[PDB]
Amino acid sequence: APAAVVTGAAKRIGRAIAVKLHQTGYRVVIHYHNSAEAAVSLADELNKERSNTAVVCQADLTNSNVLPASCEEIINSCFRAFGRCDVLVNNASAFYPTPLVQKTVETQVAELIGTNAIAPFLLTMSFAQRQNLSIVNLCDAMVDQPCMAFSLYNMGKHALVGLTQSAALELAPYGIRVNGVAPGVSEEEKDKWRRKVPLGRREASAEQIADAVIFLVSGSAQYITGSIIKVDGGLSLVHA
Amino acid sequence: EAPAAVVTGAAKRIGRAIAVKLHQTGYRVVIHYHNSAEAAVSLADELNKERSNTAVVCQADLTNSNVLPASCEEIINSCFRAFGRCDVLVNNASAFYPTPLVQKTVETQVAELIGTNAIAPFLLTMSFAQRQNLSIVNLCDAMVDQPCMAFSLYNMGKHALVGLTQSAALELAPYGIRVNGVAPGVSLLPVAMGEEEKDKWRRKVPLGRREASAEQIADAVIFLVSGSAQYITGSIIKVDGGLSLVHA
Amino acid sequence: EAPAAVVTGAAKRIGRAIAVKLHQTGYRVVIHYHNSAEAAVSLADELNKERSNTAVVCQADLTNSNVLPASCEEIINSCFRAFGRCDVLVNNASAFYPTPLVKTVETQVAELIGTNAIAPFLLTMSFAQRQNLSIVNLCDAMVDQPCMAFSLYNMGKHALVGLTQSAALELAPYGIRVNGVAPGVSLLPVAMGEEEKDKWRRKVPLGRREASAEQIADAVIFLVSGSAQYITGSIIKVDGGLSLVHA
Amino acid sequence: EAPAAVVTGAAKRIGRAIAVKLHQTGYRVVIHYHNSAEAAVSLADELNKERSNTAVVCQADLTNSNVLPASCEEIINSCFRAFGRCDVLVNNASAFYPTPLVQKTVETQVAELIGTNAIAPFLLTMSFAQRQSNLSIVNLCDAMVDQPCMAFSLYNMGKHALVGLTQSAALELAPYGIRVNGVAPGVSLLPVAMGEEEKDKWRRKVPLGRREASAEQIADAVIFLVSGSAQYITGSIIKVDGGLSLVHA
Ligand SMILES: NC(=O)c1ccc[n+]([C@@H]2O[C@H](COP(=O)([O-])OP(=O)(O)OC[C@H]3O[C@@H](n4cnc5c(N)ncnc54)[C@H](OP(=O)(O)O)[C@@H]3O)[C@@H](O)[C@H]2O)c1
Ligand SMILES: NC(=O)c1ccc[n+]([C@@H]2O[C@H](COP(=O)([O-])OP(=O)(O)OC[C@H]3O[C@@H](n4cnc5c(N)ncnc54)[C@H](OP(=O)(O)O)[C@@H]3O)[C@@H](O)[C@H]2O)c1
Ligand SMILES: NC(=O)c1ccc[n+]([C@@H]2O[C@H](COP(=O)([O-])OP(=O)(O)OC[C@H]3O[C@@H](n4cnc5c(N)ncnc54)[C@H](OP(=O)(O)O)[C@@H]3O)[C@@H](O)[C@H]2O)c1
Ligand SMILES: NC(=O)c1ccc[n+]([C@@H]2O[C@H](COP(=O)([O-])OP(=O)(O)OC[C@H]3O[C@@H](n4cnc5c(N)ncnc54)[C@H](OP(=O)(O)O)[C@@H]3O)[C@@H](O)[C@H]2O)c1
Ligand SMILES: O=c1c(O)c(-c2cccc(O)c2)oc2ccc(O)cc12
Ligand SMILES: O=c1c(O)c(-c2cccc(O)c2)oc2ccc(O)cc12
Ligand SMILES: O=c1c(O)c(-c2cccc(O)c2)oc2ccc(O)cc12
């Protein structure tokens, strides 16, 4: 049985990814930063289905002198639990506005660029160095119609498109595929967003995102590398 | 009942693999073909041996002309006549040959290249929608932005198909119809291409230094028509082994 | 010694502005038109009063048909016949109207795909066969967030991006550059109520206004200039940031 | 009163070409430089000899650090200190080297590649906007960012982030009348270290003329974007690549 690392797996999209990979037959490393209770609750549910198939791993993914070691630790944890590491899902993300005109700004850089781009880079290095192997990066379908005042966030998501493509090229000789899934929209403010989605009749779910990840790690995607699949209900096609 | 799909240019290569994989999934299929009647009929025989009454053939030229609308309406009508429903449309048929800018008539080249690649998909899409997990899949080209030299009209047609995929995804979403694309890089090489040229192409692909099988292309089509893609519309999935990422 | 340019759909609006600015820059111009004969002639008369023997008109339907190749060959030949050379081609003419998925549809195809794509393709072939040479295609900045029910128009504009790129690649060895200018919202329809024009104007980040024809023309003048000698295959958005705005 | 521009990494090569052409157009210029002090001063002397009191130098490391925000505020402040205004910012300075995924610390590489290429442009854009007519920012991008060189992941990440900044800042700064655009070279001046044969390998790939862009040709696109002939253009990235990005493998 193969093994997968999912970053930010305690909640929301990462949790759904971890569940679906587990349902597919993977052993999973559930990475978390602050959500230890939720991480361990998930691992408890998964291990009750199949014993010793889920572990947790704590790491802050903010950029800092120690982030490379932290990322090597996450990958190492998968090898120590399971003896292998077939899949890496870069799901963890920080998200908040950083206006250009008026935490320090450099802490924002560390958290937005670090979590969203540099940690994926370092995880990707550690994953490859230790080697159907495939990395999936959680991108953003709205990368080229960005939210107002989200410059740093958007820079980091752009940088992650760059990583996806550069790592796809560079790791292809090692048989490692590298792809992305780009959610769009995944309560008055929540309804405003839902009514703009062309496929709005359906509610967006974490499960839907997870379905795309499962496709890309599967044997049905064996020739796919460097691809980013939008899972956005058509929202990125909608003009202002 | 079992859902039903139309696959254009289904007698051979990628279209044939799509038809087979849809039929293995549970769909009843219309095997559209233009010249390859023996292959189309042999495929329908094979599929019907596995399940009776689950495949039919439909012949049509998809070159643009004043009767193309009627031809495309007839292909969708053929699926309703055989199966009583039409759930999936795969726009696979394509003309492909060079049209140099500097030295068949050029109008015939337009009709064939733009017709098969773009206008026939558009008209099929209109007829599919009008006749109503509904979904259209367009076979695009991952190398559309790094085109082969002297293939202007082909490239124009494949860009127009990207436009149709996006415009139809937007317009048809209220009707429950998803519209997506699959973009091969190099898959099955042309029957006419020489051995040495085939190898040159295969050596460029980062992922394995080989072309995609037809079945690998079909696998992406399968995903996009499946319930695991219910929130995906307007997306074009490259299935190219990294080839579009490789600089000159 | 003065260079010459063909501008399609040049009687009015953006094409007229382009023609004027090329003339101001020193080009002799072919003013192509379809229905707008009085406006095309008034422009040519205006430009020839500024400098004699610097403007002609050429009428043609750019709808696709059996005869479109010969029409496009004629348009290019008209520049050589008047001016002895053809340095610049600007593919500006365009049909634009909705074609809902749910005039015959084949006439719509001929018009929308012809004007926006096939005529540019044929003009490009005739331009190159007859040879700072450069083609500029008028594209659409909103081609990836299209208007609802405009599929044929959007198909046509996407095909023109493909032509721009394919032609840039193939014509580079002949020294011919091929680029695009992609407006967002520029001159609004004639009949459109101010209330409706203002809904579009308020979307534009940059000044909450549409581009003037002149501002589109300025990008065309840049691309044909010596300041753009290394630029080919590029499409310059002239959209005030409109394509960057989410739903 | 003549307008004023800041050009990062302006002592040599493309940055020098941009500073020169902005000066020739009538701008007063801040020539930012990190290590090329003798080249920066030689350039400022040449410009000042053409028109007195129209060029100054400004030294800064654009590596990311906790002081980078102050450094970037000081670069902008230097233009107001010399000239009393700052109309144009050209983000040109760039670190460029390979960072292979499979085997300077990697943190230092991050700080240098992502700092120069992305974070410093972001901090400079914040400081330019805060200190505020034809105001505009031009970011030096990379036409090949989608067909990247092997083993240049961090560089490519930084250039992709710069695309994002160009678009996000165009959107946010448009209400203030500040336009934000890019110029994306393909191959222009080849690296100083590169041998002739390897330079020719790159040259032979370019459709338009089988040669690299001159520095002047890159600067031409920057001058257009900062001109009144680009007054409606914001969020646009102009490729200046001779067709290179269109060439398949
Ligand atoms: N929701 C959407 O609509 C949407 C749209 C576009 C893109 N996406 C992308 O899809 C992925 C998942 O989205 P989501 O909404 O599920 O994400 P989310 O809940 O915003 O964040 C997922 C997890 O990231 C982890 N994380 C945040 N900062 C961290 C740090 N400094 N160190 C380590 N881990 C950290 C957190 O884990 P702990 O709770 O353990 O601390 C958090 O629960 C993300 O990459 C996101 O950018 C989502
Ligand atoms: N193979 C590749 O590497 C590759 C690369 C990029 C994109 N693609 C795209 O993927 C799809 C499948 O590729 P493929 O190589 O399998 O295609 P193909 O063998 O070139 O063509 C598929 C079929 O199209 C039909 N077709 C051609 N002209 C037609 C016309 N005028 N009217 C009706 N049908 C016509 C033919 O049917 P009959 O045989 O019945 O006459 C032909 O067998 C195509 O859309 C293609 O553009 C393929
Ligand atoms: N205005 C905008 O906001 C905007 C937005 C995006 C893209 N664009 C593009 O920018 C260009 C200029 O826009 P515009 O608004 O100035 O264009 P326009 O007024 O819509 O059309 C320009 C001219 O095209 C000619 N034309 C139409 N159908 C023709 C046919 N069948 N045969 C030959 N010529 C035909 C007409 O010439 P006659 O009058 O002589 O018949 C017309 O005056 C076009 O390519 C357009 O698609 C404009
Ligand atoms: N040349 C090309 O073909 C090409 C291709 C694609 C993109 N570009 C882009 O176009 C721009 C100009 O290219 P170029 O070749 O002229 O650039 P370059 O010579 O590689 O670099 C320009 C300047 O960047 C400065 N720089 C480097 N690290 C720095 C740091 N840590 N702090 C502050 N400044 C630093 C250096 O200043 P000092 O010398 O003063 O230390 C250097 O002279 C760059 O943004 C580049 O990425 C160029
Ligand atoms: O058979 C094809 C082919 O191999 C290739 C192909 C071969 C080499 C390189 C490439 O980018 C495509 O393109 C096709 C496009 C359309 C079509 O209908 C068939 C082919
Ligand atoms: O006049 C036009 C127009 O205002 C617009 C337009 C109006 C509102 C929003 C928009 O994105 C474009 O588009 C056109 C496209 C082609 C053409 O030939 C003319 C127009
Ligand atoms: O000098 C450079 C260069 O020639 C090239 C270059 C050389 C060959 C191919 C290519 O696509 C770029 O890229 C650079 C990118 C950043 C930078 O700061 C300088 C260079």
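Residues numbered from 1 in each chain as written, not as in the entry; some residues may be left out. Chains lettered and ligands numbered in written order. Heavy atoms only, no water. Residues with missing side-chain atoms left out of burial classes, pairs and counts.

## A short note on the overall build of chain C
- Along the backbone of chain C there are 7 helices and 7 strands.
- For chain C, the α and β elements follow one another from N to C terminus as β-α-β-α-β-α-β-α-β-α-β-α-α-β.
- Relative to the compact-globule value of 18 Å for 247 residues, chain C shows a C-alpha radius of gyration of 17 Å, a close match. (Helix = DSSP H or I, 4+ residues; strand = E, 2+ residues; numbered from the N terminus. Rg over C-alpha atoms; globule rule 2.2 N^0.38 Å.)

## Some details on the overall build of chain D
- Tallying secondary structure elements over chain D gives 7 helices and 7 strands in all.
- Each helix and strand of chain D, ordered N terminal to C terminal, gives the series β-α-β-α-β-α-β-α-β-α-β-α-α-β.

## As for the interface of chain B and chain A
- The partner chain A presents 33 residues to the 33 residues of chain B that form the contact.
- For the side of chain B that touches chain A, the secondary structure elements donating two or more residues are α5 (152–172), α7 (214–225) and β7 (236–239) of chain B.
- Examining the composition of the side of chain B that touches chain A, we find that 4 residues originate from one element, α7(B), more than from any other.
- Class assignment for the residues of the side of chain B that touches chain A results in 17 nonpolar, 10 polar and 6 charged. (Contact = heavy atoms within 4.5 Å. Nonpolar A, V, L, I, M, F, W, Y, C, P; charged D, E, K, R; others polar.)

## Describing the sheet that holds strand β3 (residues 54–58) of chain A
Residue and element names in this part refer to chain A.
- The parallel open sheet is built from 7 strands, whose spatial order is β3-β2-β1-β4-β5-β6-β7. The open sheet has two edge strands with one neighbour each: β3 and β7 (228–231). Averaged over neighbouring strand pairs, the angle between their axes works out to 20 degrees when direction is ignored.
- Relative to strand β5 (residues 133–138), strand β4 (residues 87–90) is paired through 4 bridges, and the arrangement is parallel. From the neighbouring strand, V89 faces β5, where its bridge partner is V136.
- Against the sheet, helix α5 (residues 151–171) contacts β5, β6 (176–183) and β7, and its axis sits at roughly 155 degrees relative to β6. (Pairing = 2+ DSSP bridges. Axes fitted to C-alpha atoms, helices over the stretch in contact; angles between N-to-C directions.)

## Examining the side chain of D:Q109
- Tracing the chain through its elements places D:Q109 in helix α4 (residues 106–131).
- What makes D:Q109 buried here is its relative accessible area of 17%. (Buried < 20%, exposed > 50% of the residue type's maximum accessible area, 1.4 Å probe, protein only.)

## Some remarks on the pairing of strand β2 (residues 28–33) of chain C
All names here are of chain C.
- Extensive coverage of β2 is indicated by the burial of 6 of its 6 residues.
- Covered by surrounding structure in β2 are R28, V30 and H32 together with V29, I31 and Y33, the residues of both alternating faces.
- As judged from the 4 bridges shared by strand β1 (residues 4–7) and β2, these two strands associate in the parallel manner. In the strand pairing of β2, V7 is matched with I31.

## Looking at the site of ligand 6
All names here are of chain C.
- Taken together, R13, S94, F96, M142, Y153, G184, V185, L187, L188, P189 and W200 make up the full set of residues near ligand 6.
- Taking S94, its side chain carries an N or O atom lying 3.3 Å from an oxygen atom of ligand 6.
- Protein coverage of the free-state accessible area of ligand 6, which is 430 Å², stands at 81%.
- Split into classes, the residues belonging to the shell around ligand 6 amount to 8 nonpolar, 2 polar and 1 charged. (Near = heavy atom within 4 Å. Polar contact = N/O pair within 3.5 Å; in protein donor to acceptor, adjacent residues only side chain to side chain. Areas by Shrake-Rupley, 256 points an atom, 1.4 Å probe, with all protein chains shown as cover.)

## Here we look at the packing of α5(A) against helix α5 (residues 153–173) of chain D
- It is at 7 Å that the axes of α5(A) and α5(D) come closest, and there the two elements cross at 145 degrees. For the crossing formed where α5(A) meets α5(D), the hand is right-handed. Judged by residue contacts, A:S151, A:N154, A:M155, A:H158, A:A159, A:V161, A:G162, A:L163, A:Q165 and A:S166 of α5(A) engage D:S153, D:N156, D:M157, D:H160, D:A161, D:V163, D:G164, D:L165, D:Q167, D:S168, D:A169 and D:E172 from α5(D). (Left-handed = near helix turned anticlockwise from the far one by under 90°.)

## Some thoughts on the pairing of strand β1 (residues 3–6) of chain A
All names here are of chain A.
- Residues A3 and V5 point to one face of β1 and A4 and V6 to the other, with burial holding for every one of them.
- Across 4 bridges, β1 lies against strand β2 (residues 27–32) in parallel orientation. What sits directly across from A3, in β2, is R27.
- Once you follow β1 into helix α1 (residues 12–24) and on to β2, the crossover reads as right-handed. (Right-handed = clockwise from strand over helix to strand, strands pointing away.)

## Here's the deal with the site of ligand 4
All names here are of chain D.
- Every one of the 27 residues lining ligand 4 counts as a neighbour, but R13, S36, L62, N92 and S188 are closest to it.
- Within the contact set of ligand 4, a nitrogen atom lies 3.4 Å away from a side-chain nitrogen or oxygen of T63.
- Within the side chain of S94, an N or O atom sits 3.0 Å from an oxygen atom of ligand 4.
- Relative to its free-state accessible area of 890 Å², ligand 4 is covered by the protein chains to the extent of 86%.
- Elements supplying a minimum of two residues to the shell around ligand 4: α1 (13–24), β2 (28–33) and α5.
- Taken together, the residues of the shell around ligand 4 break down into 11 nonpolar, 11 polar and 5 charged.

## Examining helix α3 (residues 68–83) of chain D
- End to end, α3(D) covers 23 Å across 16 residues, agreeing with the expected 22 Å (1.5 Å per residue, within 8%).
- Within the sequence span of α3(D), burial applies to D:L68, D:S71, D:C72, D:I75, D:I76, D:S78, D:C79, D:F80 and D:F83.
- In this fold, the buried residues of α3(D) make contact with α4 (105–130) of chain A together with β1 (4–7), β2, β3 (55–59), β4 (88–91) and α4 of chain D.
- Once α3(D) ends, the next one or two residues include D:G84, with phi positive near 80 degrees. (Expected span 1.5 Å × (residues − 1).)

## Considering the environment of A:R177
- Residue position: A:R177 is located in strand β6.
- Accessibility expressed as a relative area gives 2% for A:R177, which makes it buried.
- In this structure the C-alpha to C-alpha distance between A:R177 and A:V136, which are 41 residues apart in sequence, comes to 8.4 Å.
- Those residues in contact with A:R177 that lie beyond four places of it in its chain are A:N132, A:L133, A:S134, A:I135, A:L216, A:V217, A:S218, A:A221, A:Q222, A:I224, A:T225 and B:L207.
- A polar side-chain atom of A:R177 sits 3.1 Å from a polar atom in the side chain of A:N132.
- From its side chain, A:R177 meets the backbone oxygen of A:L216 in a polar contact 2.8 Å long.

## Some details on the pattern of salt bridges
Residues and elements named next belong to chain C.
- Applying the stated criterion to the full structure yields 29 salt bridges over all chains.
- Two residues, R81 and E74, come together in a salt bridge whose shortest N-O distance is 2.8 Å.
- On the accessibility criterion, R81 (56% relative accessible area) is exposed.
- Across the salt bridge formed by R85 and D87, the nearest N and O atoms sit 2.8 Å from each other. (Salt bridge = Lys/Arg side-chain N within 4 Å of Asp/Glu carboxyl O.)

## Points about the UniProt feature "binding site: substrate" (unreviewed entry) in chain D
- Taken from the UniProt record, the annotation "binding site: substrate" (unreviewed entry) applies to D:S136.
- Topologically, D:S136 is positioned in strand β5 (residues 135–140). (UniProt positions renumbered as here; feature names shortened; annotations may be inferred.)

## Focus on unusual backbone geometry
- A positive phi angle is found at A:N52, which is not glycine, with a value near 55 degrees.
- Among the structural elements, A:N52 can be located in the loop between α2 (36–49) and β3.
- With phi around 45 degrees, B:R13 is a residue other than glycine that occupies positive phi space.
- Counting through the fold element by element, B:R13 comes out in helix α1 (residues 13–25).

## Focus on the packing of aromatic side chains
- Using the criterion set out here, one finds 11 aromatic pairs over all chains in the structure.
- Taken together, a centroid distance of 4.8 Å and an interplanar angle of 20 degrees make the contact between A:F95 and A:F150 stacked.
- A relative accessible area of 13% means that A:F150 is categorised as buried.
- Relative to D:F224, the ring of C:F222 has its centre 4.0 Å away and its plane inclined at 10 degrees; by these criteria the two rings are stacked. Residue C:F222 is located in helix α7 (residues 213–224), and its partner D:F224 is located in helix α7 (residues 215–225); the two belong to separate chains.
- The class for C:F222 is buried, based on a relative accessible area of 5%.
- Members of the aromatic cluster, each reached through a chain of ring pairs, are A:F95, A:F150 and A:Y153.
- Between the NZ or CZ atom of B:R131 and the centre of the ring of B:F80, over which it lies, the distance is 4.0 Å.
- Over the ring of C:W200 we find C:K203, and its NZ or CZ is 4.1 Å from the ring centre. (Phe/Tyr/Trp six-rings, centres within 6.5 Å; stacked < 30°, edge-to-face > 60°. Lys NZ or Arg CZ within 6 Å of the ring centre and 35° of its normal.)

## What to know about the interface of chain B and chain C
- In this complex, chain B contributes 44 residues to the contact, which on the side of chain C involves 43 residues.
- Counting residues per element, the ones that place at least two in the side of chain B that touches chain C are α3 (68–83), α4 (106–131) and α5 of chain B.
- Among the elements that line the side of chain B that touches chain C, the one with the most residues is α5(B), at 15 residues.
- Here the side of chain B that touches chain C is built from residues that sort into 29 nonpolar, 12 polar and 3 charged.

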